[PDB]
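Working through the structure, step by step
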Amino acid sequence: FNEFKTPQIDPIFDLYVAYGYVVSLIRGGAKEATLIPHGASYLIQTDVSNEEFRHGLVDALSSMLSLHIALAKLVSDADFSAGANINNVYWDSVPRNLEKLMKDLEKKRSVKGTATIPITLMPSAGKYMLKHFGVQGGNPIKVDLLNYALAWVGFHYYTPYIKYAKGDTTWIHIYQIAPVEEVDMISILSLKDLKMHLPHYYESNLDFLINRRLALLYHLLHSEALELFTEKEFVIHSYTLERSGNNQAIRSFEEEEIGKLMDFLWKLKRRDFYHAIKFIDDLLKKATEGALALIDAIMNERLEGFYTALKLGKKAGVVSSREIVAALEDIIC
Amino acid sequence: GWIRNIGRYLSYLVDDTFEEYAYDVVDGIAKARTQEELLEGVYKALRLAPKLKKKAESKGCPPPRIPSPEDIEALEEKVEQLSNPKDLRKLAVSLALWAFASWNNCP
Amino acid sequence: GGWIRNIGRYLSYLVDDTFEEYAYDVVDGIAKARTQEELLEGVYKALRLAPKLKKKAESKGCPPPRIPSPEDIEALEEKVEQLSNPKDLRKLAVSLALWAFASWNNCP
Amino acid sequence: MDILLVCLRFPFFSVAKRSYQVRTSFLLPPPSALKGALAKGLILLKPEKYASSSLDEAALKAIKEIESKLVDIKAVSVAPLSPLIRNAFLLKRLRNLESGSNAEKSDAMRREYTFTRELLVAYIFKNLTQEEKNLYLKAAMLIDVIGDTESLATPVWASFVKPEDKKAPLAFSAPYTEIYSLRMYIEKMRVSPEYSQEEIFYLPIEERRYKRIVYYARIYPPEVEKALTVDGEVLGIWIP
Amino acid sequence: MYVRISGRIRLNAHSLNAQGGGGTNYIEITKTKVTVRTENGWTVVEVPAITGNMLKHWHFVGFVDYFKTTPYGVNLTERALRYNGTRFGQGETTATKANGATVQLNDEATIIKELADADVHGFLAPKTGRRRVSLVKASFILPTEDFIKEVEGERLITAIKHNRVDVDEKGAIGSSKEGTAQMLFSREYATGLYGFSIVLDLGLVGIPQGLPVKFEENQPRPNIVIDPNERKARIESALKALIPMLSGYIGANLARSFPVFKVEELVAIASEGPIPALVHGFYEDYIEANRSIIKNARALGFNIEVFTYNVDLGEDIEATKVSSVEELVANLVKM
Amino acid sequence: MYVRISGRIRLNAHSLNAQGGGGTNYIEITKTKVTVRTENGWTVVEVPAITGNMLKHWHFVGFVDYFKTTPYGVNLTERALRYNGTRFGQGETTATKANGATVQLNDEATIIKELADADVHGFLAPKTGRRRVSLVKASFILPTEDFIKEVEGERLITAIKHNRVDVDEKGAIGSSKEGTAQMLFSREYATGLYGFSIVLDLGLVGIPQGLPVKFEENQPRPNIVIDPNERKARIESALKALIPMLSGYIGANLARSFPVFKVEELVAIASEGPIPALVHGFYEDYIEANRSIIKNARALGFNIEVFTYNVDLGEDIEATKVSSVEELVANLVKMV
DNA sequence: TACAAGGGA
DNA sequence: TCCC
């Protein structure tokens, strides 16, 4: 077994690199592989050698660059180019780094340098760092080129993200799904199915993409990959990026879970879909306060939240069919 | 169990087809602490039966069905033993949420 | 003790259809009985309409109403004397008032 | 052969790693903060010679003395008996330490705290004399704060209890040295305070998701030769 | 001098410590995860909690407010008069007093002699170090755990909408239509019984951190670099700063909310020497912990003076009955 | 001058400060959650309330009303004459005076000198970024705890529905196609004994926040930007604004509801200095708390003047037995 | 939601 | 300095 070690830098960046490990592996093969979490290390056990790993990684980044060139110093509206790169200079910086990694890679040559990691792949990083009584010029934090590129691939292939414009500013909600016990190939590909490309939602009627929890509820409404985590424990790590007057910063880092929300949604949708998906969509669009009450009730299991959400929905435009009421009552138990 | 019928009767007071909009009764019965206020609220909710039946008969759609007396005593015989307000809360909110269902009455 | 069902069945004859007699006044007065004396008075007005209903039910081809038995009256009396708490008085009042409105099949 | 043991009941502790914006709070309190706590206690009790002209120099020399008294540099251990959870707060936290941007700048920043009902911390000493043993016992308490000032800590009980060479599964924290020799956690907690070093640490907490936040509880590592008994419960501990 | 207070205080209908507001006209409150017993279960709940930093800022405001009355109030920074207190940085090395007097920052002695806010709340001089931590420690404001355990359910958080009206020139409500009056923003209000714990190390006021004693005549008498009279004056100013703390002057949105406040119960200890912090008010069994701690402290031989409000705190302890926090500070200023 | 007022005011059949939304009809009143004892574990109850924002707005209205008659009434914002609370909203950097003059929002001194409403009630200018904290603060109008405990929760609300009689000129009630506003809508009216607490800080009026003192002769002389007569007029107008306060002018729907008031009891304290806020009247044991507060604050060394209405207090300390709220404000203004 | 406050090539 |  390769049991390839993963560098310890940041349990968010470490997650990204050790979790793009698998997407680099699958394109080259590497069957019967597992990912053991160590809190932050996220070690991986595989029966693969290095060459197939490199072929898989270069195939993944070749597809990445093929997608990048489809739109256009070339700036494309991609997840790794402009969808998640909050900084304008990174829009060009990241593709150049990716193509340099390629050019070094097809000729069987290891990397020889290091690059600065944006705040997108790790919110724990930044520009400065308090040493004793002040900060450093430039960016003290830097990572290896191969780890940077492979973490970018892992972020682009698995982790969902939602952008909303609202004029000059822009909210970008970035989520990462993390195991804590054990995963195999099939689970990881099920997680991969969650990722959806070009989530440039913009628009004005869909204004509830602010309040990140509501945005992820909307995204999970239309995601039907698998109900995998009803038997396996998983967590979600979320953060937000803002463009308030060209002032980019991170203003939200709450860490709750993802299992029970979609579990309640999945137990909520047995009866039918024709009155379920439109139900949630109407409550989200019309009764934003009602949707907030509903999501709070899901998060903290309080009876009055469901009643308040239903009342707010019915007041404006929601039909509130009978079967959804029966499903809610069955959820109450 | 004897919840669907009272749910339909309560929803008869919220549907747009009945242009009366009695939200005070459902709001009061939803927010109940102990026996007396919930009993008073359900009494006030069921007191509006004649106006509902007359409006349904004048509109042409079938009249609403009042809950049968067979399960009327069920509410009482289950509710006295609910000394703890906590287990009372689940039913107090279940009736309220059943009051807000679609319940297509007049086609 | 089962007399609550009987008295509620009797009160149901004051609101139900096929009777042309709709005295919501006495039913509401019994329901809102803050004290025991006005509750007893409301029960008295409820019982005072018994002859009219028991005659008109036969006049309109309906089964005779279930007029409460004297044992029920004795139970109502005793319970009003050992109950001096307004808290239990209110719940008992709404208890016997709730049975007035129901889907009783008085006339098959 | 003596080991101090003091239990601190606190709302929060906000000691964190090297990080920007977010200060990534430690999963368990570091050895450096624990050493600094009793260094502050001892310099407060007896400023006759442990207090010098420079506060930093006095603290550093107190730390040197206390680590000389320690059997090893990686000595202090903690017990996460209560669950460990993490929450996020948006604090004003003006970042005026940057070179420039005057002093009237207000950057709304964001931090996270760690919530835990209580903790137990152990201070292993060698053959300490009574004339200083009483002073160290006095310095065991008066640990009002750990890490960030807003993270108040209240030591309710502190005592000297001998290991007595009991056998029990490991409970107290320990460096990742014997655990590898025999759900496994790896951390770095900056063994000594940095003044103008880092070793792989095993972390004895595992995940049990009964509620929204998974939090952490006992992982019960294997049996160890040394253990300590408190109120009828025996807990493992390793010493060099 | 060395005083520590801890207790439970009841307050409701407040929006204190808003969680950074919100983009979509929705302002929330800072939330806190709390683990508690649920009959053999370690359950987690969401509760409001005021940060320690906010109490710190309010204590500084109260101290600078009371220090203006005394004639020795000239020794204060210009920032303090404006309720500032960032206290300098890399680009600043000269202190401006109320009258505009230049103060140099080479040594802590002159800094604490010429400035009062920096003496009690500390300061920071990155150019020359001289770091001084504040002598006042404020913990987070958490609701007591027994209250959460008893209530467990119910939001206890009410979201209310307010509208700001901007009518047109003559009578119109404007061209923005009445879908929003002119604007509709949202505010959240909490309600519950909270626990607090504050530590005042007033024994070091006026004593430089690097020189606790000067010790040249073979006696460890304190190195009071400042005048003793105005040192004592700073002492009662800091003590009286606590009066507009447990009265309704904590948090934000004072104009629109002004939280309905009342102190439920508390225990305070005072001594002339360093003493340990007692307990936070979040725990349900804090009274017995306080009893154990005071028993241990008196057994070891500390002169502890105890004050209790709405709590027996044992019987063998020579506790002093207290009716209000102002009576407590009136009894404290005697020393 | 620093003054604190706290008391209990009776109220019945008041539709004040409702949400007014939730679709198109059933205007439903605002409520809040409060914690009470109820001789068991602490329980949270759901009761009607009035937000302090409404009280602040009505205090501003009363201050303007009693300040126009003053000779210094010209120094007022144009929006204040319209009772408009939009103090320096988004975009604009200048304001219009009452006489048509313009003022630039650059420095706090000029703003507080030429504009009176922005002085007492503070202001926010996002464009220039200017800030001024309001000198008046108010709490919510919550029902007192003992009343809530005693009523055991009859929901303390009633719903009254009424219609519009919009009829066509021909005399017929047309349908929706014809066009007729004959529609029903409901309003929620509350009742009960409520407590209130309002705090004023008139000792800082006319003083810019940035530079409270000037230090010419080496004493902390307050930086009075306006004439002392104008400051006194502003203070007396702010005080007299309390006369319509506790009379029926703190609520909405006055054209149809006009809430019925009778102040049952209250206490006021004035000490022209830094004074802790009194205990809100919502708590049932606030009388003894305020009595202890005033007596031990007087013993501490502060000169507090206490005016009481319908409270025994402690009867061993100097307290003025005032009989009316306007008599109380007369006593306050006679000592300025 | 109005304003400010920022991350980098 | 350029670059939003």
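Residues numbered from 1 in each chain as written, not as in the entry; some residues may be left out. Chains lettered and ligands numbered in written order. Part of a larger assembly, values for the part shown. Heavy atoms only, no water. Residues with missing side-chain atoms left out of burial classes, pairs and counts.

As deposited, the entry is annotated with cryo-EM as its determination method and 3.3 Å as its resolution.

Some words on the overall build of chain F
Within chain F one finds 8 helices and 14 strands. The C-alpha extent of chain F, read off along each of the three principal axes, is 80 × 55 × 35 Å. (Helix = DSSP H or I, 4+ residues; strand = E, 2+ residues; numbered from the N terminus.)

Overview of the overall build of chain B
Counting secondary structure elements, chain B contains 6 helices and 0 strands. Reading the secondary structure of chain B in the N-to-C direction produces α-α-α-α-α-α. Over its C-alpha atoms chain B spans a radius of gyration of 14 Å, differing by no more than 12% from the 13 Å that the globule rule assigns to 107 residues. Projecting the C-alpha coordinates of chain B onto the three principal axes gives extents of approximately 45 × 25 × 20 Å. Each of the 107 residues in chain B was classed as buried or not, and the buried ones make up 63%. Taking all contacts inside chain B whose residues are at least 6 apart in sequence as the whole, residues at least 24 apart take part in 77%. By element, 57% of the accessible surface of chain B is carried by carbon and sulfur atoms, the whole surface being about 4,500 Å². (Rg over C-alpha atoms; globule rule 2.2 N^0.38 Å. Buried < 20%, exposed > 50% of the residue type's maximum accessible area, 1.4 Å probe, protein only. Contact = heavy atoms within 4.5 Å. Areas by Shrake-Rupley, 256 points an atom, 1.4 Å probe, with all protein chains shown as cover.)

Comments concerning the sheet that holds strand 7 (residues 234–243) of chain A
Residues and elements named next belong to chain A. Here we have 4 strands laid out as an open sheet, ordered 5-6-7-8, and antiparallel in their pairing. Every interior strand has two partners, whereas the edge strands, strand 5 (161–164) and strand 8 (248–249), have only one. Sheet topology places strand 7 next to strand 8; 2 bridges connect them, and they run antiparallel. Across the sheet, residue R243 finds its bridge partner in strand 8, namely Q248. (Pairing = 2+ DSSP bridges.)

Overview of the protein's contact with DNA strand G
Near DNA strand G lie 27 residues; those nearest to it are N87, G126, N246 and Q248 of chain A together with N25 of chain E. Of everything in DNA strand G that lies within 4 Å of the protein, sugar and phosphate atoms constitute 61%. Here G126 of chain A contributes a backbone N or O atom positioned 2.9 Å from a phosphate oxygen of DNA strand G. Here the residues of the surface near DNA strand G sort into 6 nonpolar, 16 polar and 5 charged. (Near = heavy atom within 4 Å. Polar contact = N/O pair within 3.5 Å; in protein donor to acceptor, adjacent residues only side chain to side chain. Nonpolar A, V, L, I, M, F, W, Y, C, P; charged D, E, K, R; others polar.)

As for the arrangement of the chains
Contact analysis covers 10 pairs of chains in contact, and the most contacts occur between chains E and F. In this view chain B stays clear of chain D, with the nearest C-alpha atoms of the two still 20 Å from each other. Contact between chain C and chain D is absent, and the minimum C-alpha spacing across the pair is 39 Å.

A few points about the state of the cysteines
Covalent bonding between the sulfur atoms of two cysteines defines a disulfide. Residue and element names in this part refer to chain C. Applying the stated rule across the entire model yields 2 disulfides over all chains. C62 shares a disulfide with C107; S-S distance 2.0 Å. An S-S torsion of about 115° defines the bridge between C62 and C107 as right-handed. Here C62 is found in the loop between helix 4 (50–59) and helix 5 (70–82), whereas its partner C107 is found in the segment after helix 6 (86–98), with 45 residues between them in sequence. A relative accessible area of 11% means that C62 is categorised as buried. (Disulfide = S-S within 2.5 Å.)

Concerning the pattern of salt bridges
Residues and elements named next belong to chain F. As enumerated under the stated definition, the model contains 78 salt bridges over all chains in all. A salt bridge links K31 to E188; the shortest N-O distance between them is 3.3 Å. Placement of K31 in strand 2 (residues 31–36) and of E188 in strand 11 (residues 184–201) is noted, with a sequence separation of 157 residues between them. The pair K31 / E188 is uniform in exposure class, with both members buried. With a shortest N-O distance of 2.6 Å, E230 and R234 are connected by a salt bridge. Of this pair, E230 and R234 both sit in helix 6 (residues 228–240), 4 residues apart, roughly one helical turn. According to the relative accessible area criterion, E230 is buried, its value standing at 5%. Taking the relative accessible area as the measure of exposure, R234 reaches 0% and is therefore buried. (Salt bridge = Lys/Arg side-chain N within 4 Å of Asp/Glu carboxyl O.)

A look at the nonpolar core
By size, the foremost hydrophobic cluster in this structure holds 184 residues, and its most contacted members are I117, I174, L261 and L284 of chain A together with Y43 of chain B. Broken down by element, this core gets its largest block of residues, 10 residues, from helix 1 (residues 13–26) of chain A. Counting 61 residues, the second largest nonpolar core, distinct from the first, contains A190, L193, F307 and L332 of chain E. (Core = buried A, V, L, I, M, F, W, Y, C linked by side-chain atoms within 4.5 Å.)

As for the interface of chain F and chain E
With 53 residues of chain F at the contact, the number on the chain E side is 53 residues. Put simply, the parts of the chain that give the side of chain F that touches chain E at least two residues each are strand 2, helix 1 (52–68), strand 8 (136–138), strand 11 and helix 7 (286–300) of chain F. Per-element accounting of the side of chain F that touches chain E gives the leading share, 6 residues, to helix 7 of chain F. When the residues that make up the side of chain F that touches chain E are grouped by side-chain class, the tally is 23 nonpolar, 22 polar and 8 charged.

Re the pairing of strand 1 (residues 2–9) of chain D
Residue and element names in this part refer to chain D. In terms of burial, strand 1 is a largely internal element, 7 of the 8 residues being buried. Where strand 1 meets strand 6 (residues 119–125), 7 bridges bridge the pair, whose relative direction is antiparallel. Bridge pairing in strand 6 places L5 opposite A122. Bridge count between strand 1 and strand 7 (residues 154–160): 6 bridges; the pairing is antiparallel. What sits directly across from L5, in strand 7, is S159.

With respect to the side chain of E233 of chain A
Tracing the backbone shows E233 of chain A in the loop between helix 7 (212–221) and strand 7. Buried and without a salt bridge, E233 of chain A has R209 of chain D as its closest oppositely charged side chain, separated by 4.5 Å. When residues no more than four places from it in sequence are discounted, the contact partners of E233 of chain A are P179, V180, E181 and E257 of chain A together with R209 and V214 of chain D. (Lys, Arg positive; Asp, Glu negative; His and termini not counted.)

Let's talk about the packing of helix 10 (residues 288–300) of chain A against helix 11 (residues 303–316) of chain A
Residue and element names in this part refer to chain A. Running from amino to carboxyl end, helix 10 crosses helix 11 at an angle of 160°, the nearest separation of the two axes being 8 Å. Relative to helix 11, the element helix 10 lies roughly antiparallel. With respect to the hand of their crossing, helix 10 and helix 11 are arranged in left-handed fashion. On helix 11, the residues that touch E289, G290, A293, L294, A297 and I298 of helix 10 are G305, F306, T308, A309 and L312. Of the residues contributing to the contact of helix 10 with helix 11, the split by class is 7 nonpolar, 3 polar and 1 charged. (Axes fitted to C-alpha atoms, helices over the stretch in contact; angles between N-to-C directions. Parallel < 35°, antiparallel > 145°, perpendicular 65-115°, else oblique. Left-handed = near helix turned anticlockwise from the far one by under 90°.)

Considerations on the pairing of strand 13 (residues 226–230) of chain D
All names here are of chain D. Looking at chain direction, strand 13 and strand 14 (residues 233–237) are connected through 5 bridges and run antiparallel. Bridging from a neighbouring strand, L228 pairs with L235 of strand 14. Hairpin connection, strand 13 to strand 14: the antiparallel pair is bridged by 2 residues, and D231 has positive phi, about 40°.

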